[PDB]
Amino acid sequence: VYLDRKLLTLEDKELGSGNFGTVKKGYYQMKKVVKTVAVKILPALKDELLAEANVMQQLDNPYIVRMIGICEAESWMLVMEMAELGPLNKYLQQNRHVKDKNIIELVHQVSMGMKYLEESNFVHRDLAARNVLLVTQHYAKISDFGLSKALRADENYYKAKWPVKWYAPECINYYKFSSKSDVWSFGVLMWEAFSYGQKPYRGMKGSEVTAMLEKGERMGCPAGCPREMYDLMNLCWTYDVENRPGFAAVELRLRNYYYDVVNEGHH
């Protein structure tokens, strides 16, 4: 898990920054091959990066960004496998030609990764289109585990600036974060994807979003988004935690609809 700084070569330019730290492109000499990497570079900030690394170490799924390891040099560094195409929202903003079938493919991949995360009893707590990274146009991975929590053996939730527009009502009202709250976030992520990376709740303050949702109102159907996918969004935005679907149910719906669209394409 502990990497050798002299086997790591970093670029001068920066890729971008998340909630904390800064990410640069790099190259790491493995056992034989050289691997292209994305490297998060920086007392509280040190522990946050190590907690993020601790979460990633425990995860093993094709639809989740893999950690290569950590290194304490100029600063603490978190070395991850590179996803070359970057954040999903930014990609779709630059590529409006991307077909509806392709969007379904990508959000289904996210649902598979989240089904695994749910099974593993980890809550992501920051699921948004910005935190889905593209390996290719047809391969998405979940990233940015800086706010993620391993659930206690005896509880199905974690009790806690917040990304309010992605948060379920129980997160706001009770500070409770579960796989179900991740499902709510996933609904917002779906809306973002089908809106080609547009920000949700445009022009609204966090408090106004909370007020809107309390009234039972939800964001409208994005232009060109299939009704079946908008229906799934709304299901993810079920106010009641118990009645809201888990990721097993969400993944199955997406899987089945994706196959329907693949079938229509062949006809």
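Residue numbers here begin at 1 and follow the sequence given.
Gap check for residue 160 to residue 161: 4 to 9 deposited residues are absent from the model. Unmodelled residues of the deposited sequence between neighbouring positions residue 42 and residue 43 number 4 to 9. Looking at 184-192 and 84-92 together, the entry lists the larger mean B-factor for 84-92, computed on C-alpha atoms. Of the two segments examined, 228-236 and 23-31, it is 23-31 that shows the higher average Cα temperature factor in the deposited entry. Between the residues 108, 130, 97, 152, the entry's highest C-alpha temperature factor is the one at 97. Per the deposited record, the Cα B-factor of residue 116 falls in the middle third when ranked against the other modelled residues of its chain. Among the modelled residues of its chain, residue 172 has a C-alpha B-factor that falls in the middle third according to the deposited record. When the modelled residues of the chain are ordered by their C-alpha B factor, residue 59 lands in the highest third. When the modelled residues of the chain are ordered by their C-alpha B factor, residue 38 lands in the lowest third. Ranked within its chain, residue 73 lands in the highest third, by CA B factor from the PDB record.
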